[PDB]
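As structure tokens, the structure follows; a few thoughts come after it.
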Amino acid sequence: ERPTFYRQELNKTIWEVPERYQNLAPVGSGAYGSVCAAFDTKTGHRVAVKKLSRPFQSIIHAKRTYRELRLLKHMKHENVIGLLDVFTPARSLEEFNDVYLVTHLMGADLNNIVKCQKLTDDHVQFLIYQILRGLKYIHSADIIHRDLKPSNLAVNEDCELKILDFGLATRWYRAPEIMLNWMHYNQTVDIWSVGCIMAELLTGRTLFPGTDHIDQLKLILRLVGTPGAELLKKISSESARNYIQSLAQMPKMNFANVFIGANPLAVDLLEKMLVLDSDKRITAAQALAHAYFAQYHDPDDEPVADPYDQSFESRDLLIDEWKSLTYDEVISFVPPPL
Amino acid sequence: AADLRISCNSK
């Protein structure tokens, strides 16, 4: 059931794709590979086709390519991008060189939405509800997104949202424990990002737009207060602890004064997300049950993920072993239904 | 939450 491929050079890269994909037109992109928008004649939708650049160049890359393919094959949720298709022109493992990924194609991200209209409080409720619902799913597979920000959130005309572009340039949405490498970090770095996104949707202002790491830490500590002893004990680096203790102590601000005029249930949820100690931050599942989302919350329609086996991260393999495992994964891909 | 514009003239 190998399709018919056709090859065509555009922007000095050869694209060799099944004929179901028509009207390929470049849109970038960067270090991981080039992407074209295309029309998928099987499904009737527009899609993004990504050609991986040099997927098997070193051990680090071959493993990275395998990691991304494993992750994308696994993610099956309304609010998380999934893999529509993956293919190679290769007919055998011998001859295997290129990998192409197909996904849905984002019209607008969240910045475009904010740019073309004023969001109501109800829009912010639905948008954030959908992020947390996606996140509940991701986190239940022991996956951490690590790079949530407005431009990694696709949003359509119906205000339906999907989370894109997992890690793995804007630092403003990043939890401080990872920004300054304080510790072995957990899933709630993503909740910190949601708090930053939601605060900015409510006020129109970026919450922590620091010009460098220190400046941003100072903006953050000003709002949430300097760390107490309990958090200080959990910072692994002595230099990090030492730098932190050199700061003048600062109390937590009253969030009602910071977010004047916002729905008080919104502000309350922000205080649950923007907590410096990541062990005290609200989880995605808990956030979905918050009175802020009473119009959208449905505990029977908030699924978790199948178990996701990441024991491959520990394997020590040759380039050709990563590449052959990647090939297996291309061969076993089953597309979404109808 | 209803009927959004996706695209608009500015920047």
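By convention here, the chains of the structure tokens are called A, B, ... in the order presented, each chain's residues are numbered starting at 1, and ligands are numbered starting at 1 in the order presented.
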
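Using only C-alpha atoms, the protein and nucleic acid residues lying no more than 7 Å from segment 116-124 of chain A, apart from those fewer than 3 places from it along its own chain, are residues 112, 113, 127, 128 and 201 of chain A; 1, 5, 7 and 8 of chain B.
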
Please identify all polymer residues within 12 Å of residue 90 of chain A, counting only C-alpha atoms, omitting same-chain residues fewer than 5 positions from it, and present them as a ChimeraX atom specification. /A:2-3,5,16-18,95-100,327,330-331

With C-alpha atoms retained, export the selected residues as a short mmCIF file (atom, residue, chain, number, x, y, z; two decimals), in the first residue's frame.
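Listed below is the output, part-v5.cif:
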data_model
loop_
_atom_site.label_atom_id
_atom_site.label_comp_id
_atom_site.auth_asym_id
_atom_site.auth_seq_id
_atom_site.Cartn_x
_atom_site.Cartn_y
_atom_site.Cartn_z
CA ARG A 2 2.91 2.38 -0.85
CA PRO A 3 1.31 5.43 -2.54
CA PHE A 5 5.13 9.76 -4.96
CA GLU A 16 9.24 13.79 -2.56
CA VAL A 17 5.68 13.25 -1.32
CA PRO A 18 2.63 11.07 -2.02
CA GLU A 95 17.75 3.69 1.19
CA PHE A 96 15.99 5.22 4.23
CA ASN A 97 17.09 8.82 4.59
CA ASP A 98 14.24 11.29 4.87
CA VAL A 99 11.28 11.66 7.15
CA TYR A 100 8.17 13.78 6.51
CA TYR A 327 11.89 3.36 10.45
CA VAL A 330 7.17 5.08 10.27
CA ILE A 331 6.15 1.51 9.16
#

Every residue of segment 18-188 of chain A that DSSP places in helix (DSSP H, G or I), as a PyMOL selection string: chain A and resi 59-74+110-116+121-140+150-152+176-179

Would you kindly return, as JSON, numbers by chain, each protein, DNA or RNA residue with an atom no farther than 8 Å from any atom of segment 226-231 of chain A, considering only C-alpha atoms and excluding same-chain residues fewer than 2 positions away? {"A": [221, 222, 224, 233, 234, 235, 244, 247, 249, 250, 251, 252, 276, 277]}

Restricting it to C-alpha atoms, dump the selection as a JSON list (two decimals), in the first residue's frame.
[["chain", "number", "residue", "atom", "x", "y", "z"],
["A", 221, "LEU", "CA", 9.79, 37.88, 42.90],
["A", 222, "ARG", "CA", 8.23, 41.28, 43.14],
["A", 224, "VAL", "CA", 5.03, 36.46, 44.31],
["A", 233, "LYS", "CA", 15.87, 23.92, 50.98],
["A", 234, "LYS", "CA", 14.81, 22.51, 47.63],
["A", 235, "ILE", "CA", 17.13, 24.55, 45.45],
["A", 244, "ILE", "CA", 18.64, 34.22, 46.36],
["A", 247, "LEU", "CA", 18.11, 39.63, 47.77],
["A", 249, "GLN", "CA", 13.18, 40.03, 51.34],
["A", 250, "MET", "CA", 9.90, 40.87, 49.58],
["A", 251, "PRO", "CA", 6.35, 40.00, 50.46],
["A", 252, "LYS", "CA", 3.73, 38.52, 48.17],
["A", 276, "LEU", "CA", 6.89, 30.10, 43.37],
["A", 277, "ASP", "CA", 7.21, 26.69, 45.01]]

Across A:72, A:260, A:159, A:168, the smallest distance to residue 6 of chain B, with only C-alpha atoms counted, is shown by A:159

Residue 267 of chain A environment, 9 Å, only C-alpha atoms, sequence neighbours closer than 5 positions dropped, as a compact mmCIF listing (two decimals) with C-alpha atoms, in the first residue's frame:
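selection_5.txt, freshly written:
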# COMPACT_ATOMS: atom_id res chain seq x y z
CA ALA A 199 -2.72 37.01 33.10
CA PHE A 255 -3.24 39.92 43.37
CA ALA A 256 -6.60 41.73 43.64
CA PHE A 259 -5.56 42.51 38.43
CA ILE A 260 -8.16 45.19 39.29
CA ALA A 262 -10.80 41.07 36.43
CA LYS A 272 -3.08 29.09 42.45

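The residue that comes closest to residue 11 of chain B, out of A:111, A:240, A:12, A:84 and on the basis of only C-alpha atoms, is A:111.
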